[PDB]
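Here you'll find one protein chain in two forms, each presented separately as C-alpha cells under the names structure 1 and structure 2.
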Structure 1
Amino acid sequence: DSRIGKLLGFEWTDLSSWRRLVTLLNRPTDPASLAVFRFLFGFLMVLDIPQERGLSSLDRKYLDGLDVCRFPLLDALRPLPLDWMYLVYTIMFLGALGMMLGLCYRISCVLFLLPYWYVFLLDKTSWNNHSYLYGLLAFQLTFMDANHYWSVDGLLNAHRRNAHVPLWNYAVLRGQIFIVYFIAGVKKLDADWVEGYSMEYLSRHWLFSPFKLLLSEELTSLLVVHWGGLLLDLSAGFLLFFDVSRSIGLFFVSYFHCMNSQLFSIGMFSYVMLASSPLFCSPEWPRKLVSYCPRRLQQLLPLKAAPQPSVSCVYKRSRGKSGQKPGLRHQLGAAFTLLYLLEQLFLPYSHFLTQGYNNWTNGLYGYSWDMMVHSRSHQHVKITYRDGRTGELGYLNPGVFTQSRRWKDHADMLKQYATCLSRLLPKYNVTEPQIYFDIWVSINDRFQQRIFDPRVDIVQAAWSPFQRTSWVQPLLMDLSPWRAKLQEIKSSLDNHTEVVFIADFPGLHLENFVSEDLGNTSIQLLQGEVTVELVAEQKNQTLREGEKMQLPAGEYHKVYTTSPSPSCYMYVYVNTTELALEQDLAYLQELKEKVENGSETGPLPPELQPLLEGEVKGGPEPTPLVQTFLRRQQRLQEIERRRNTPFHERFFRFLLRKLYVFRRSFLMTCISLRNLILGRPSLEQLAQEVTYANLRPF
C-alpha cells in the first residue's frame, strides 16, 4: 500500500529481522521470464562455442609437438593433448544444449561451467569482459531453479512443471546487469573519455549519418558517441527498474545494443544483453503473451495456467496455521545472494591488493568493465639476448614462439615469455642467456615512450603478484596537453611526409638505423635537451629547443637525453623510393593515355607493348616497373569490382562461410572422438579425412 513498498516491491518492516529477510528473498515468484532467459542464453552459447571459443581454430592452437609460450594464470596449469581438448569442447557443447533445453539442468550447468573456466583460466590473452560475463552467468544459473517452466525436465517430472521459484533468482540477475551498467558508467568517468580522445574515429561510421544533419563531426564525436554512452550506462542502470521509465529505457538500450553490434565485432555480447534486458519487466510476461494468441497456437506454446506451489519457497499461511519456518536452502540462498553481490561490487576495485598486475592501466583486462576506454599503438619492439658462454649479443624476432601480442603491455606476461625463451633457446645453440626487452607504446595518442626498463635482465628480474614491479616505467601524464599541439603538427604535412613523436627518460638513449629508402629524414627537438650522435664519424651535437638536423640515410645514429627531465622530440621523414616509383608509374600511365586517345602517333617502345597487350606471352620478361603497374591496375579493378556487389550476394557469402565453420568444427570433433575411442588409424586415412573436413561447402 505504501508508495515505497509499491516502487521497490518490499516494505521496510521486511528488513527488520533476519527471518523476515529470508522470507522476502524466498517469496513465490512466477518462473516464465527466467525460463525464457535460460533458453536464449543456452542458444547464444551454443552458437558461440564454434565461433569465438575457437573450436574451428583449435586444430592450430594446441597442436601436439609445437613449441609455444603459454600464458596461464597459474603456471601449474598446462593444456591437455588436442584430442582431450576436443572432448572438453564436446562436453561444453552438450552442457550448453542441456541448458537450452532444460534437460538434466544441474548436470548440464556443471558440464558447461567447469570446462568453460578451465579454458578461460588457461590463457590470459583471450580475456575480455564478455567472456567473464558468460562465465559469471553460467555460475549463477547453476543454482537457480530455471527449469520449472518450458523445460523437458518438467515433462519428465511433474513436481517441476510450472512451479514457483524464489525471488532471489531474479534479484541476482537484475543485480548483475545493474552492476555491469553502473560500473561501466563510473569507469568511463575518465579524462580520456569525457574529453573525446578514446574512440575519436568511430563517428565516421555511416550509422551516425543522420546526426550529422544537425551537428558537426567534431561535436557529433563528443556529445553523441562519448557522453551518450556514459549517460546511457547510468540511466539504463536506473531506468529499467522503475515502471515509469521502463519503456524509454528499453528503447534506448535496444538502440544502443544494436548499434554496438553493428559497429564492433564483440560477438554475441550485444545479443546476450538484449536477451537480459526483459528480465526487469514483470516475471509473467511470457504467460500473458501466450494468453494473447489464438487457440491453435496455444496447443503448441507452453502452459498458461497459474503455477503450482513449490517446495523451494517460504509460503505465508493465512489459514491460521503458523508460518512456515525457513529451512536451510532458503538461508543459503539469501546468504549467497548478499555475498555474491558484495563480491561483485568489490572485485572491480580490488586493484590495490594485486599490485603485481598493475601497469599504466589497472590490473588484467577482463573483470573491470572498462570497455573501449584505452587505445594503444605500438611502434617498435626489440628483443636482445646475451649468451652466457661466449658473450655474443644477438637480436630475436619480436613475435617468436607466441600466438598473441598482449605480452607487450603486462609485466607478468613478459616474465612468462622471458622464462619460455630461456628454456627454449638452448635448442638453438645458445647457452644460459640474459634477455632484454625494449618496447614503445602510446595510449590514446600521446608521445610514444618506453614501458619497461631496457637495462634489466627479465629472466633474473624480481616479480611477485602482491608487490609493485620495480622495472615498469611510469606514464608521463605531464605531457598530456601536448596532444593538442601535436595534432596541429599532424595537419601541417604533405600527402607523403610522415611524423613520429618520441619522449624519453634521462640517462637512457635510443639507437636507430635509418634505412636507405628513407632519404630526406630530419629530427626536431620539441622540449628538453638531447644530443644526437653519428657513429660513422663519431660526432655528437647538442640540440636546444626548436632546432632541426638532417640525419643520414642508411647509417646508424643515436639520441641521448641529457636533461634533468624527460625530453620530447620528433622524427619527420619521407620515403624517397616510393615517391620515385609513383612518379615513374604516373609517367607510364600518362604515356598509356596518350597512346589510347590517339596522340603519340610514333611507334610504342617494346617495353610498353606488354602494357597494351596485358599478357606476357611469347616475349621477354617484363621489367619490375611494368609488373608493378599491372599489379596495381589489377588490384584497383578487383577493389572496384568488390565495391560494386549487391547485398544478396554478400549475405549468401556470409551464410556459406558460417556454414563452413560449423561443418569443419563438427567433422574435426568427430575424427578426434573416433581417434580417442577406436584408436588412431594409419597416416593416409587421417590425411584423407582431414582433406575431406577442410573442403569448402559450395
Structure 2
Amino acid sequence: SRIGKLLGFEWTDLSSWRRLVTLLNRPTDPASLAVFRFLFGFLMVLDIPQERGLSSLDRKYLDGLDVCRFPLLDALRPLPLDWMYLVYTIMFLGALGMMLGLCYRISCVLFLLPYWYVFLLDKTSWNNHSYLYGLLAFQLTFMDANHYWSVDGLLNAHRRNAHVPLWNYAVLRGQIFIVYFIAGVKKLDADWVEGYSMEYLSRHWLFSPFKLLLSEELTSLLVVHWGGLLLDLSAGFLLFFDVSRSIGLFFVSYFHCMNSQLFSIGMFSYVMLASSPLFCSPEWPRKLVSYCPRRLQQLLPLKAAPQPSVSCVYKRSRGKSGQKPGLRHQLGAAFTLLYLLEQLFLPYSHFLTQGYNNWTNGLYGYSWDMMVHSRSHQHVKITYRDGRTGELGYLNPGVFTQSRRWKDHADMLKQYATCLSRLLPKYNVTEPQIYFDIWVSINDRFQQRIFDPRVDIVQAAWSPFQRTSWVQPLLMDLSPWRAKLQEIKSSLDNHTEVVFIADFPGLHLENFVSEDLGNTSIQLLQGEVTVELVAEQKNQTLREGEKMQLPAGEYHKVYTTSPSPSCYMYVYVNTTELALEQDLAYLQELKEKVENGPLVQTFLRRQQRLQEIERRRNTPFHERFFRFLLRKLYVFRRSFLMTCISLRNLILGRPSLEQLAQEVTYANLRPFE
C-alpha cells in the first residue's frame, strides 16, 4: 500500500460513485481549519479600512458629482454615501463574526454579499488577491470551520470538538494548488523567460547576498525570473508530499517574505503564508500546543478525542456496515468536483469572450498572471468635434475619471466615451464626436497606437463576444530590436533623451516642439517617412540612416508612406534645463570659493531634501516604526468616526450644517503628529 501511503487513499475508492462519496466524507480533525478561519478573519478585519477604501469613501462616492464609473454591468449603480457606509459596516461585522466563530453562517453571508457587490461595482480596482479573497469567503461559507477554537462551540456543546468531512480540506488544497500551478504556466511567456518583465528589480538591497557569486545580469536572469518560475511550478508538489514538506515550507516562506517587502500587495503574502500549514496534518495545532511547557497547559481547553459529527459518514468493519450517504454527502462531493473543474477552466476561457481581448487576453484579475506585463504611456490626446458648429476642441486626458485603466481596454473606452457624450451638453457643447489618440509601450517595446484615431468611439461597435475592430494589432515582429534599442539608450549623454516610435502606414503623427526643447532631431531606423514643416510648408523624405534637425516652438508632421510599418527615433535636449544647471553650479562654486577665501533657493531645497533623506537613513528604525503606527492609527480612527457620523445621520437625521462641519473637522485632527 505504498500508493495508499503517498496519496492517503487507494485506487479502488475511485471505481464507483458510492465509494467516492464515502471517501470524500471521511471524518477529519477540525483544528487546522479553525486556525485558518481565525487568521483569515483577522486579516480581512485589518484589510477592510486600508485597501477596500473605508477611509476614502467620502471622497470616492461624494454626493452631487460628475464622475464616469466603470462597472461590469451598467445596470449596477452605487447607493448614496450613507448607505455605502452601512454596507461597509455590515461587511466589517461579518468579517468580525467570521474571525470570532460566532454565528458562522450568518456572518459568512453578511461578509460575502456586500464584498461581491463592491467588487462588481468597479472594474478598475480588480486584482488577483481581491479575487482570491472573494473565492476564499465563498468556499468558507459552505464549510463547517466553527467546530474548534470558537465562541459557537463554547456556547453550544453539539458543535464542540466534532469531526469534519474530508472534502473541506480537499477544496482548499485544490484551490491553493491551482493558483500556484496556473501562475507558473502563465510565466512560461517569452517575455518572462528572456528576462524582460522585471529587469530593474535586482538593484534592490535585498538581493545583495546573491551578488556575492553572480553578476547583476545573471542575478536578474536566474534568481528573479527562472527562480520564481520554478518555485511557482513546483510549490504544490513540494507541499503535498510529506517527504519534502519541510523544504517546501521554508522555500515558500522565504518567497512570500521577500515579496511582502519588495512590493505593495496589501495582505496577499500573509494570506499565502497562513494557507501553507493546511497541507500539513489536520492535527498540527494539537501537537504544537502539546509540545509547549506543561506550565501553560492548564489554561487552554482540555485536550480530548473529537466527538462524532453528523456531516461526515462513518464506515467501520466492526462498527456497523455503514449508512447510506444522504443528500448532504452527495452534494458535498459534487460541489468539490464541479468547483475544482470550473476553477481549472476559467483562466483559459478567453476564446469565448473575445470582446475583452486587447493586446493582452481578458480583463485583469482572474487569470493569475502577476507582474508579467508592464506598460508605459507616452501621450494621450482626446479631441471632440461639435455636431452643430463643427468646431474642434481638446479635453484633458481623464477629466471625470478617478483611475487610469481606461487607456488599456476597449470596453472601458466605450464606457468613457458614452459618459462624456452624456456629460458634455452640460458644458454648452452639442452632441459631440470623440476621437482618442493613445501611445503605449509594453515591456520596453516600440511606442505605438493602441486604438484607431480616425474612428468615432461613441458610435463605434463593441460586443462582449466579438473581436473589436478599432483595436490596433501589436507589432510582434519588432521585438528583436530591443537589444539595439537598449544599446542606443545606454550609449548616450547625461543631458539627452530618446523616444522610440513605430507607426502604421496611412497615418501621420503631428507634434509641437516646446520652446525650451532646443537641439531636437529625428532619425529613421526602418521604412521611409516624409517630414513636413507646417510653417514653411516643405515636405522632405528620409531614408534608413539619415537624420534631420527640427526647429523649436513650431509644429511638424511625420507621414508614414512605406507599405510596412516604419520605426524612427527622437533625440532632444533641454537647453533651458542645462543652462540653469550650469549657471547654478557656477554660482555655487563661486560663492563657496568666495566664502572659503531663486536658483540658489532651489539648490538649497534640493540639498534639504537630501539632508532629510540621509538623516532618516541615519535615524534608527524605531522612529520609522512609530511614524508607521501613528499613520495606521489615524487611518483607523478616521474610518471609525466617519462611519459613526453616517450611522447617526441614517438613524436620527441630518441635524444641521454647522454641527456636521464641526464633526467632519473633528474627524481629521491627526491625533499625534
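Only residues modelled in both forms are compared. When a residue number appears, read it as a position in the sequence of structure 1, where counting begins at 1. Each form is matched to the other, and the largest set of C-alpha atoms that superpose within 1.5 Å is called the rigid core.
Of the residues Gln299, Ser265, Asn540, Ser216, just one CA atom moves 2 angstroms or more between the two structures under rigid-core superposition; it belongs to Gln299. Relative to the superposed core, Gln51 shifts its CA atom by less than 2 Å between the two structures. Fitting the two forms on the rigid core leaves the C-alpha of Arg60 displaced by under 2 angstroms between the two structures.
In a rigid-core overlay of the protein, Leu655 has its C-alpha displaced by under 2 Å between the two structures.
Aligning the rigid core leaves the CA of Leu508 displaced by 0.6 Å between the two structures.
Fit the two forms on the rigid core and the C-alpha of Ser318 turns out 3.1 Å off between the two structures. CA movement of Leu630 between the two structures equals 4.4 Å, with the two forms superposed on the rigid core.
Shifted segments between the two structures, defined as at least 3 consecutive common residues whose CA atoms all move 2 Å or more after rigid-core fitting, lie at 292-303, 317-322, 624-646.
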